[PDB]
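[1] quick check, what structure comes out for this input:
(3 chains)
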Amino acid sequence: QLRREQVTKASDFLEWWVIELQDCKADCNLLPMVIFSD
Amino acid sequence: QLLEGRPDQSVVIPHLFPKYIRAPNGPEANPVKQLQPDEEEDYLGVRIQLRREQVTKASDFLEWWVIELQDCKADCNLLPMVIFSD
Amino acid sequence: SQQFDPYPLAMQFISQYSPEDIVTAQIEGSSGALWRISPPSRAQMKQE
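    Numbers count the residues shown, from 1 in each chain, chains lettered A, B, ... in the order given. Sure, the structure comes next:
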């Protein structure tokens, strides 16, 4: 998703992308990944 | 408290600036052992400030951090560091 | 040299360097670029 924010209409905003899992259980604002060390 | 945006506070962190640095012929520089033997109580302190500027109140400003030595002699806008080449 | 005179190790190490080998880096105190940060991440920083 793209989140705009009000401070040439396109360059009149701040903007930042948001990533969420396809179907989350914890608030959809957090992406977990399992990594195995060595 | 600095992140609160009030342009009057300032915070000083002790012992993070190593003034004397050895630049060897290898790919790993490091602070000089001899010039400062404690290696943790000989680093200069640093006071850091946040400067806002007027162009949703938080995102209504530009902002940039400013670094100054704990006790400077030259305008406090300049940080010197001594590095030894090889 | 005079600053570190009461320490022998410092004098030896400095003596191992020719005058035209030691340089001073004058770093400007102010940042050279704006502190770009997403407002959600700034709020997370403040909460942390």
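
[2] excluding sequence neighbours, find me the nearest residue to the residue in chain A positioned nearest to chain C.
    When distances are taken as Cβ to the nearest Cβ, chain A reaches nearest to chain C at residue A:16, 4.5 Å away. Every C-beta, even on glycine, is put in place using the N, C-alpha and C of the backbone. Excluding its sequence neighbours, the residue lying closest to residue A:16 (Cβ to Cβ, 6 or more residues apart in numbering or on different chains) is residue C:38, at 4.5 Å.

[3] surely the one you found touches residue A:15?
    No - counting by Cβ atoms under 8 Å, residue C:38 does not reach residue A:15; the two are 9.6 Å apart.

[4] can you name the farthest residue from the center of the chain?
    I went with chain A, as the question did not name one. residue A:38 (30.4 Å; Cα atoms, centre = their mean).

[5] ah, no, chain C please
    Chain C, farthest from centre, Cα atoms, centre = their mean: residue C:40 at 31.1 Å.

[6] quick one: it is in a helix?
    Yes - judged by DSSP: H, G, I helix; E, B strand; the rest coil, residue C:40 forms part of a helix.

[7] next, the contact list for it, please.
    residue A:16 (Cβ atoms under 8 Å, 6 or more residues apart in numbering or on different chains).

[8] got the residues of chain A near chain C?
    A:5, A:14, A:16 (Cβ under 8 Å from any Cβ of the partner chain).

[9] may I see those organised as a markdown table, with distance to residue C:14 added?
    Shown next, in a markdown table, are the residues of chain A next to chain C (distance: Cβ to Cβ, whole Å):
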| residue | distance to residue C:14 |
| --- | --- |
| A:5 | 54 |
| A:14 | 51 |
| A:16 | 50 |
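
[10] now the helices: where do they sit in chain C?
    C:8-15, C:39-47 (DSSP state H).

[11] pick the most deeply packed of the ones you listed.
    Most buried of these, by mean neighbour count (mean count of other Cβ atoms under 10 Å in any protein chain shown): helix C:8-15, with a mean of 14.

[12] ok, residues contacting it?
    Here helix C:8-15 has contacts from B:32, B:34, B:35, B:37, C:1, C:4, C:5, using Cβ under 8 Å, 6+ apart.
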